[PDB]
Each structure stands twice: as structure tokens, then as C-alpha cells.
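Below is one structure, written out as C-alpha cells; comments come after it.
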DNA sequence: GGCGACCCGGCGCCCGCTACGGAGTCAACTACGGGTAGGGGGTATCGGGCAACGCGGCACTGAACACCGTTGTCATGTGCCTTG
Ligand SMILES: [Mg+2]
């Protein structure tokens, strides 16, 4: 997702189970490593 | 005469979402006959508006008895005086 111009859908987990999964499984901070080859993907390089 | 290419048909698909324009189009006819449906007309049936009149507590009716309280009342008992 570059910032040239891009829209991103936002979805709402409703049930207690859904927000539980989103809190535990689908969290942004528990997916540092890319599943393709198990290397970091959450440290981009453009500016920092 | 099954192999064989080849030929052909015939089919199967062809990243993701939002968000983003409108446009809308060429050749019968009449007669009948019914039946439904509308309209108003009139009619039986259901629904809305009022004071007595159901109640009840108690209250008055005190009236007529009852419940103590009272000073009415009586015939009948002590104390002093007179005579045996
Ligand atoms: Mg982009």
C-alpha cells in the first residue's frame, strides 16, 4: 500500500469470538514475519 | 480397419475491490355479446351518550332499652326520760 492514492476497506468484527480472534490472531503486531519465507516484513525501508 | 494425424468442434478460463457517464426507439379492423363492475337507494345491525341505581361505611334514628349510680323511703331498731 503506497500513498500515491489508495483506498483500504475497514471491517468490523461483531461477536465476542470475532473481536477475540482479531485481538489474538489477526493483530498487526503479531505478524512481523512474512509467511512466504519467514523473514521480517514489518520493517519497510523507504525513509527510516 | 485400426492407426494416425489432423481437423474440428467445443469448451474452459481469462487478479482485486471500491467508485464512476448517459442512453432507451419503425408496418388492421369492426361488430357483437356478455359479464363485471361501478353508482346510488334503501335497510338491518352495531356503537356511542346520559341519570338512577347498585353498594358500604357509618351514621343517625335515638328508640328502646340496659348499667351502674344515686338520695328516694320505709318500717323498724338504740338512748334518754318518766313512772312502776
Ligand atoms: Mg496504490
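In the entry's author numbering, the protein residues as written are 534 to 581. Note that the Cβ used here is the ideal one computed from N, Cα and C, for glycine as well.
Q) Per DSSP, residue 572 is paired with what? A) Locating residue 572 in the first chain gives position 39, counting from the first residue. The partner list for residue 572 (beta bridge, DSSP) reads 567.
(Q) Please tell me whether, using a cut-off of 6 Å, the distance from the CB of residue 580 to the nearest non-hydrogen atom of ligand 1 is below it. (A) By 1-based counting over the first chain, the position of residue 580 is 47. Residue 580: no, Cβ never under 6 Å from ligand 1.
Q) Of all residues in the structure, which have a C-beta closer than 6 Å to any heavy atom of ligand 1, taken in chain order? A) Those residues, listed in chain order, are 535, 537 and 539.
(Q) If you measure between the beta carbons of residue 568 and residue 555, is that distance less than 7 Å? (A) Within the first chain, residue 568 is the residue found at index 35, counting from 1. Within the first chain, residue 555 is the residue found at index 22, counting from 1. Residue 568 is not a Cβ neighbour of residue 555, given a cutoff of 7 Å.
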